[PDB]
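# An overview of the molecular structure
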Amino acid sequence: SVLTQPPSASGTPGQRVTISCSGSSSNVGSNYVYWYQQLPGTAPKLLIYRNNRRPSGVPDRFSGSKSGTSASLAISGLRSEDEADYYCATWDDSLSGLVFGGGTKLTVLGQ
Amino acid sequence: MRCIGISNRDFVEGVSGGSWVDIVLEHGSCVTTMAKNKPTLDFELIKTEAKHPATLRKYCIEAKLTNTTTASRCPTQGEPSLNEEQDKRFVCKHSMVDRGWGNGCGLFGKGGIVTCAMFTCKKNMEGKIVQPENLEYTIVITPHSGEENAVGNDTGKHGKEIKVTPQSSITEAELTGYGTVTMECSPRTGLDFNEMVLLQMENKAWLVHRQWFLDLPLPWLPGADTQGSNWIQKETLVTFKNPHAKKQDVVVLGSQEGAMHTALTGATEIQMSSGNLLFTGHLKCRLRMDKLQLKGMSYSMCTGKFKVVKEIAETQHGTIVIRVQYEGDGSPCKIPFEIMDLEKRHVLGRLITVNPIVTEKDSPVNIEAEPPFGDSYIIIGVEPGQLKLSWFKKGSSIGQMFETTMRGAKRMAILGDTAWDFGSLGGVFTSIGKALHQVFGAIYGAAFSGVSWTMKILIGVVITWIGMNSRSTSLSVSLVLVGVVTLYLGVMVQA
Amino acid sequence: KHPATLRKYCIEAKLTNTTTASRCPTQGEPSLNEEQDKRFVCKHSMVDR
Amino acid sequence: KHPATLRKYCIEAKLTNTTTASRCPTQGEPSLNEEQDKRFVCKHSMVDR
Amino acid sequence: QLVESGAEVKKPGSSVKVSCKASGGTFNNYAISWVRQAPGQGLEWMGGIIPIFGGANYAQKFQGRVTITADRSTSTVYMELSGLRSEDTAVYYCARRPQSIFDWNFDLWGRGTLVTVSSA
Amino acid sequence: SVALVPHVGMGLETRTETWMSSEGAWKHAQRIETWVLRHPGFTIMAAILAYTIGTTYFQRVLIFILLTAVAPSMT
Amino acid sequence: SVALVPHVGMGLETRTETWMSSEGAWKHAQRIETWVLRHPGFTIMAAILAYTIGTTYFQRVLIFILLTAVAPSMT
Ligand SMILES: *[C@@H]1O[C@H](CO)[C@@H](O)[C@H](O)[C@H]1NC(C)=O
Ligand SMILES: *[C@@H]1O[C@H](CO)[C@@H](O)[C@H](O)[C@H]1NC(C)=O
Ligand SMILES: *[C@@H]1O[C@H](CO)[C@@H](O)[C@H](O)[C@H]1NC(C)=O
């Protein structure tokens with residue numbers, strides 16, 4: 001029912017990675033889905049709002065996806081900057097509140 | 001979809017042969033206009049800026065006194081003189097004290113005395129005036145499309161803001177996907193700023209009558225003065241005391257800010273800090289819909305499944321709003337929306353978001369419809385997955401007619417004869433009525449100007465009684481009608 | 001001599017700590033914690049929602 | 001489902017922290033600090049002094 | 001701009017009030033929400049408020065334990081936690097969103113106030 | 001003072017709340033009522049005078065009301 | 001306003017002159033005069049109503065005077 005995401009995600013620089021946000025029809029599929037990119041020790045930065053919409057001043061590498069009940073966030077090209085927790089937020093009608101994805105860290109390789 | 005959520009929303013249906021309609025836009029109100037083949041539009045007057053205001057008078061609401069001096073003449077020697085009696089920055093008074101050998105005269109009697117003190121202002125009201133050609137009205141036109149970015153919002157993402165002035169009173173708004181709308185406004189007959197003052201006292205401002213502002217019992221400067229020092233009615237903020245006849249003193253009369261606030265009851269407060277912003281009043285515009293077209297009439301019915309992402313919610317206007325998402329395949333498609341009976345044999349209600357269409361798949365679109373009184377069913381989609389939504393409307397048609405009549409009467413009570421231009425499409429009955437209302441309103445304003453609401457109620461009762469106890473039927477009926485209208489206006493006015 | 005104070009009126013005041021609270025339609029009155037204190041002059045009204 | 005509390009009525013209370021104030025006749029109303037706080041239920045009366 | 005109060009050290013069972021001042025335009029035209037993140041954990045929405053209107057909305061987990069208020073005179077938004085405990089140690093953010101029930105994009109965030117129950 | 005000329009019947013009222021409208025709606029009625037409470041003697045005299053001057057009950061009541069309303073107002 | 005309830009008619013006057021006796025002596029009459037000048041329409045209507053209601057010139061004149069004095073007062 002609530003938002004669920006893969007706890008961790010791996011990748012390599014210059015790759016395409018999509019993070020999945022799965023919820024119930026009460027929260028995802030009946031409301032918009034927002035994606036937030038948080039760096040360590042920094043306030044989360046709004047990444048995608050509504051559905052598949054990018055706030056002004058964000059690169060086009062980020063692309064959100066909305067399914068009937070699940071959502072995903074896709075990255076065009078991968079770098080060391082992409083390594084950060086990613087959260088999906090969506091209003092829940094039954095819970096009567098905003099529910100966050102729970103977090104998904106992108107583990108870019110190349111160390 | 002801006003008018004959804006505003007209690008003072010108005011529905012204007014139909015245009016004339018020319019595809020135009022007369023609408024009066026008020027600041028607190030929203031107008032939604034509908035024609036047989038045009039998109040539904042919402043109109044809001046969101047600003048009225050007065051620019052380049054000129055002061056015509058500064059009143060003193062708090063003064064102080066200094067440099068008090070007195071002169072006196074021993075009895076029978078005439079009135080005394082002070083050099084300061086000719087000084088305009090001084091307030092003087094002539095009285096009689098008792099003189100004698102003890103006081104130092106040598107004659108016993110009433111000896112004239114004059115005392116003067118320098119009048120200084122510490123706080124004032126600047127009553128600015130503005131030329132009627134400096135007024136600017138901002139009107140937002142938002143198409144009643146259903147796209148989520150406009151459901152009762154007070155932002156300009158989808159709404160189009162057109163600025164109207166007395167000089168450029170004809171403007172068009174380009175509504176992406178709906179053609180253009182032409183607004184032919186008459187700001188000059190809107191509020192008659194030549195008989196009004198912009199009164200700014202401290203950090204609060206009011207719009208006031210110029211005769212009322214010029215009749216205020218406070219001292220004033222012409223407004224061309226840069227140094228004060230020539231206040232006019234300085235005697236209004238001072239009091240001279242000669243208790244018994246032994247001394248003459250003069251004192252100031254304390255800050256008049258609160259008395260001014262009390263005097264300002266019935267004046268609509270405005271804003272004057274960052275420009276002269278007036279969120280009060282109305283604008284009459286003629287709306288031209290001829291170059292206005294529905295978006296997506298060349299679309300095919302969706303043939304897919306809709307889901308209601310937000311339950312149907314009723315508004316204050318007897319209409320309903322429903323937010324539905326689409327999950328079918330033909331992305332831009334007409335939404336199959338109907339309001340029928342349970343058997344789906346009759347069409348009972350009309351939708352207000354005319355021509356609902358899904359511009360994007362996972363992009364909710366929220367339709368507004370007007371369902372009938374009692375039971376009705378909102379059917380969304382086609383048979384393969386059609387959803388049928390029960391609704392019940394609590395009112396009544398007779399009650400709706402009564403409420404419509406009361407709104408009409410209240411509009412006439414607030415706009416006077418300008419209420420005959422609301423929803424007007426020409427016609428000879430409308431013109432005749434507006435002329436008759438103009439003449440009767442002239443008489444009524446002449447006979448009732450400056451009168452409070454309790455006085456209006458009393459006059460209405462008196463006139464109604466006179467009419468009822470009238471031997472002639474015509475005069476009886478006319479007086480009863482005038483008295484009842486007077487009573488209604490007194491009960492509706494804020495005076 | 002020896003006067004006693006009978007009542008002290010206020011002729012000039014200031015307002016601070018302005019707060020608002022609202023209740024959605026049909027859900028009754030809203031509540032501020034500040035309505036408990038008498039130092040606050042409160043007012044109830046209806047607002048379009 | 002999903003109810004909203006519209007009002008909470010008290011069916012049983014307790015009074016604590018009781019205090020009283022009085023002023024001499026002709027000298028106006030008495031004053032209590034507690035009357036500042038709306039948690040205290042207060043009433044005014046007259047007594048023989 | 002959205003400026004938050006400084007970090008606070010509290011003790012179990014106590015209360016902490018977090019302030020979040022905002023500009024005039026953002027105070028009267030937007031909404032402010034409070035989201036906490038326990039260290040090494042995901043964001044958790046606690047509640048929000050339309051400062052022009054008041055009457056905050058609270059998450060079910062924090063119902064009866066939090067109170068969000070707005071000071072219109074100072075254009076500041078306040079958050080108060082009662083019954084603080086170790087599990088309540090986390091950084092608290094104030095975020096700005098449109099005052100509509102459907103759109104929940106926090107396009108502007110405060111730096112975040114960290115509340116700890118241990119010694120620094 | 002300025003307070004005694006309070007910009008009421010000026011004909012500039014729109015569909016927007018005026019300044020201190022709610023209070024000023026009934027402030028004068030409250031003042032008349034408090035005055036009649038505090039000065040019962042004048043009200044009795046006004047009733048007697050209205051009865052004497054007016055022949056019909058309508059104009060007697062009208063005179064009584066006008067006298068009672070203007071008695072505190074002239075003050 | 002407090003200005004609407006002056007300390008007149010309270011029966012405490014001595015030979016000593018009062019706070020604003022000279023000022024406030026004629027201010028009400030001046031106000032009614034200014035109002036009648038500014039609103040000749042209501043004065044004419046009041047004259048017609050007073051003539052109609054009152055059977056005798058005394059009742060008519062009294063009603064007209066009271067109407068004129070009370071119209072600004074409630075105002
Ligand atoms: C007023 O008195 C001051 C001294 O208090 C003096 O300096 C000033 O010249 C006087 N101004 C006049 C009499 O206009
Ligand atoms: C009022 O606000 C000030 C901040 O300006 C604060 O210090 C004070 O505690 C507040 N008082 C009340 C009673 O809310
Ligand atoms: C009530 O009385 C108790 C016991 O003395 C005291 O601890 C408490 O502070 C009092 N409360 C108030 C509001 O006076």
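The coordinates are above.
Structure report, in brief. (Residues numbered from 1 in each chain as written, not as in the entry; some residues may be left out. Chains lettered and ligands numbered in written order. Part of a larger assembly, values for the part shown. Heavy atoms only, no water. Residues with missing side-chain atoms left out of burial classes, pairs and counts.)

## Considerations on the overall build of chain A
A tally of helices and strands in chain A yields zero helices and nine strands. Relative to the globule expectation of 13 Å for 111 residues, the C-alpha radius of gyration of chain A, 13 Å, shows essentially globular dimensions. Principal-axis analysis of the C-alpha atoms places the extent of chain A at approximately 45 × 25 × 25 Å. In chain A, 56% of the contacts between residues at least 6 apart in sequence involve partners at least 24 apart. (Helix = DSSP H or I, 4+ residues; strand = E, 2+ residues; numbered from the N terminus. Rg over C-alpha atoms; globule rule 2.2 N^0.38 Å. Contact = heavy atoms within 4.5 Å.)

## A closer look at the packing of aromatic side chains
According to the stated counting rule, one finds 20 aromatic pairs over all chains in the structure shown. The interplanar angle of 80° and the centroid separation of 5.1 Å between the aromatic rings of B:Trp453 and F:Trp26 together place this pair among those described as edge-to-face. In this pair, B:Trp453 sits in helix 6 (residues 453-468) while F:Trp26 sits in helix 1 (residues 21-38), so the two residues belong to two different chains. Assessed through its relative accessible area of 15%, B:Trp453 is described here as buried. Each ring, one from F:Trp35 and one from F:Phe42, has its centre 5.4 Å from the other, and the planes form 80°; the classification is edge-to-face. In this structure F:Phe42 comes out as partly exposed when scored by relative accessible area, which is 28%. Counting every residue linked through ring pairs, the aromatic cluster contains A:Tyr36, A:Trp91, A:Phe100, E:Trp45, E:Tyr93, E:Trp104, E:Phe106 and E:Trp109. The ring of B:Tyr377 has B:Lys388 lying over it, and the distance from NZ or CZ to the ring centre is 5.0 Å. Directly above the ring of E:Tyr30 sits E:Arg96, whose terminal nitrogen or CZ lies 4.0 Å from the centroid. (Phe/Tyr/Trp six-rings, centres within 6.5 Å; stacked < 30°, edge-to-face > 60°. Buried < 20%, exposed > 50% of the residue type's maximum accessible area, 1.4 Å probe, protein only. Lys NZ or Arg CZ within 6 Å of the ring centre and 35° of its normal.)

## Some points on the pattern of salt bridges
In total, this model carries 36 salt bridges over all chains according to the counting rule given. Notably, a salt bridge pairs B:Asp421 with B:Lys434, separated by 4.0 Å at the nearest N-O pair. Of this pair, B:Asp421 sits in the loop between helix 4 (397-415) and helix 5 (428-448) while B:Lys434 is found in helix 5, placing the two residues 13 residues apart along the sequence. Among the ionic pairs, E:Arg96 bridges to E:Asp107, the shortest N-O distance being 2.7 Å. Placement of the pair is E:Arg96 in strand 9 (residues 90-98) and E:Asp107 in the loop between strand 9 and strand 10 (108-109), with a sequence separation of 11 residues. In the salt-bridge network here, residues are joined through shared partners; they are B:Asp10, B:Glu26, B:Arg411 and F:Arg15. (Salt bridge = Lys/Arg side-chain N within 4 Å of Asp/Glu carboxyl O.)

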